[PDB]
Every structure is written in structure tokens, then in C-alpha cells.
Amino acid sequence: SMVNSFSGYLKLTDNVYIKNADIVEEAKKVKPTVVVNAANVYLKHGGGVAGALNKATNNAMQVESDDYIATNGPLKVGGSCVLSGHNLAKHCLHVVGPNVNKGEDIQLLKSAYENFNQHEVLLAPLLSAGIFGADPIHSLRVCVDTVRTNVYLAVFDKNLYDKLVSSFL
């Protein structure tokens, strides 16, 4: 594969890399072609990764997203759309993982990760982790077993990062 500027990642597999990092700061530094947002179907970027990415864009992500929804309607759980990356990336891939706090079926997590295969290289969070309520160890497993393109995972919490690495098979 071609050399790229992602730095300090642990290599998990042929195509999956992981780092304890703030995805906002990572994106600002690297300016990747694609940053993944942990979106919901309404593209309401209130909290978690989405709230942080949107805040870093000075709410431009939300303004763009509101126009997207007005034109196209909600996304599907497991679905995605490509919008601007604003000051963070060329593009933002908004991906909707299932929210366990909404009762959504965890099997949709695989469908959510399949969206990553449409992009050769991505900076991403673990889908359905954090406030979406899924087990991040499971999310990492689904990622490795689903994504075939090159994915650089940013894990917000240091303790969780260490547990993901130390439990990885």
C-alpha cells in the first residue's frame, strides 16, 4: 500500500490500525480524504463523536446536514451519506450504527461497517461505541471482519484503547 501520514498507530491486521486519539485533533492534523462520523438517522450532531466533529466545524456540519435531511429525508440504520469534511477532511462519511439505547439490532453493525469499503482509506471511530451503547470490543471485531479497505481507528478513552489492544485476537 502507499505511504500515508497517519502516525503512531498500532497495526492490528493487514488493513486495520488503531490509536488512542481524539478524532477531532487527528483529523485536523492529517486532513484525511475521509473522516467517518458516528451519525444518527437525522444527522443531529448533538453529542459523542458527532457533537465533537460538528463543534470543530463551528456548526457548519450541522447546517449542511439539515439541508441534506430536508432534501433527502433520514438515513437508514446501517446506512450512510457522504458530505463535506469542512475543516477536518476532504469528505465526511456519516455512518449510522445501531444505537442499543434505542433497541436497534446489533447485526446492523456489520451493514454499517460495509459502508467503509466504498473508500480506500478512512479515519474512523468505532461504530456504535460510546453513547450508542454497544460493546467496543465487539465493534472492533466486526470492523476487522468486515472492512477490507484501510481504516485508522481513533479511540477516545485511553483505558478502553488499552483493553481493545490487550483483548484483540
# chains A, B, ... in the order shown; residues from 1 in each chain; ligands from 1

$ closest_atom_pairs --of "stretch 13-72 of chain A" --to "stretch 149-161 of chain A" --cutoff "8 Å" --atoms "only C-alpha atoms" --output "CSV"
residue,atom,partner,partner_atom,distance
A:15,CA,A:150,CA,4.7
A:16,CA,A:151,CA,5.1
A:17,CA,A:152,CA,4.8
A:18,CA,A:153,CA,4.6
A:19,CA,A:154,CA,5.2
A:20,CA,A:155,CA,4.9
A:21,CA,A:154,CA,5.2
A:22,CA,A:156,CA,5.4
A:23,CA,A:154,CA,5.6
A:26,CA,A:154,CA,7.9

$ closest_atom_pairs --of "stretch 86-142 of chain A" --to "stretch 42-47 of chain A" --cutoff "10 Å" --atoms "only C-alpha atoms" --output "CSV"
residue,atom,partner,partner_atom,distance
A:94,CA,A:43,CA,8.0
A:95,CA,A:43,CA,9.6
A:96,CA,A:43,CA,9.0
A:131,CA,A:47,CA,8.2

$ atom_distance --atom1 "atom CA of residue A:128" --atom2 "atom CA of residue A:90"
23.4 Å

$ residues_around --residues "residue A:74" --least-positions-apart "5" --cutoff "10 Å" --atoms "only C-alpha atoms" --output "MDAnalysis selection string"
chainID A and resid 40:43 68:69 79

$ closest_residue --among "A:37, A:107, A:7, A:13" --to "residue A:148" --atoms "only C-alpha atoms"
A:13

$ residues_around --residues "residue A:31" --least-positions-apart "6" --cutoff "10 Å" --atoms "only C-alpha atoms" --output "MDAnalysis selection string"
chainID A and resid 5:6 25 85:91 123

$ select_by_dssp --residues "stretch 46-141 of chain A" --states "alpha helix (DSSP H)" --output "PDB file with C-alpha atoms, in the first residue's frame"
ATOM      1  CA  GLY A  48     -20.423  11.936  21.285  1.00  0.00           C
ATOM      2  CA  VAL A  49     -18.185  11.879  18.234  1.00  0.00           C
ATOM      3  CA  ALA A  50     -20.787  13.698  16.133  1.00  0.00           C
ATOM      4  CA  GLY A  51     -21.170  16.567  18.571  1.00  0.00           C
ATOM      5  CA  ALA A  52     -17.392  16.928  18.771  1.00  0.00           C
ATOM      6  CA  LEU A  53     -16.835  16.860  14.999  1.00  0.00           C
ATOM      7  CA  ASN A  54     -19.653  19.334  14.437  1.00  0.00           C
ATOM      8  CA  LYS A  55     -18.375  21.701  17.143  1.00  0.00           C
ATOM      9  CA  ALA A  56     -14.950  21.647  15.465  1.00  0.00           C
ATOM     10  CA  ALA A  60     -21.102  24.136   9.513  1.00  0.00           C
ATOM     11  CA  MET A  61     -21.539  20.351   9.546  1.00  0.00           C
ATOM     12  CA  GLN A  62     -24.958  20.736  11.154  1.00  0.00           C
ATOM     13  CA  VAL A  63     -26.074  23.432   8.693  1.00  0.00           C
ATOM     14  CA  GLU A  64     -25.077  21.242   5.744  1.00  0.00           C
ATOM     15  CA  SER A  65     -26.714  18.216   7.342  1.00  0.00           C
ATOM     16  CA  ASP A  66     -30.020  19.999   7.928  1.00  0.00           C
ATOM     17  CA  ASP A  67     -30.201  20.831   4.211  1.00  0.00           C
ATOM     18  CA  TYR A  68     -29.324  17.203   3.369  1.00  0.00           C
ATOM     19  CA  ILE A  69     -32.210  15.908   5.512  1.00  0.00           C
ATOM     20  CA  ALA A  70     -34.677  18.476   4.207  1.00  0.00           C
ATOM     21  CA  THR A  71     -33.935  17.287   0.662  1.00  0.00           C
ATOM     22  CA  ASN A  72     -33.456  13.539   1.164  1.00  0.00           C
ATOM     23  CA  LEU A 108     -26.909  -3.854  11.605  1.00  0.00           C
ATOM     24  CA  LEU A 109     -23.414  -3.043  12.844  1.00  0.00           C
ATOM     25  CA  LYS A 110     -21.958  -5.184  10.045  1.00  0.00           C
ATOM     26  CA  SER A 111     -24.068  -3.337   7.452  1.00  0.00           C
ATOM     27  CA  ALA A 112     -22.830  -0.046   8.920  1.00  0.00           C
ATOM     28  CA  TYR A 113     -19.172  -1.055   8.572  1.00  0.00           C
ATOM     29  CA  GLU A 114     -19.728  -2.217   4.969  1.00  0.00           C
ATOM     30  CA  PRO A 136     -16.494  -1.528  21.766  1.00  0.00           C
ATOM     31  CA  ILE A 137     -14.665  -4.885  21.788  1.00  0.00           C
ATOM     32  CA  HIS A 138     -17.475  -6.299  19.640  1.00  0.00           C
ATOM     33  CA  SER A 139     -17.410  -3.252  17.379  1.00  0.00           C
ATOM     34  CA  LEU A 140     -13.677  -3.724  16.767  1.00  0.00           C
ATOM     35  CA  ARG A 141     -14.238  -7.391  15.931  1.00  0.00           C
TER      36      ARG A 141
END

$ select_by_dssp --residues "chain A" --states "strand (DSSP E)" --output "PyMOL selection string"
chain A and resi 10-11+16-20+34-38+80-84+91-95+121-124+150-155

$ closest_residue --among "A:132, A:9, A:116, A:168" --to "residue A:36" --atoms "only C-alpha atoms"
A:116

$ atom_distance --atom1 "atom CA of residue A:83" --atom2 "atom CA of residue A:28"
16.8 Å

$ atom_distance --atom1 "atom CA of residue A:1" --atom2 "atom CA of residue A:169"
23.2 Å

$ closest_residue --among "A:142, A:27, A:129, A:34" --to "residue A:99" --atoms "only C-alpha atoms"
A:129
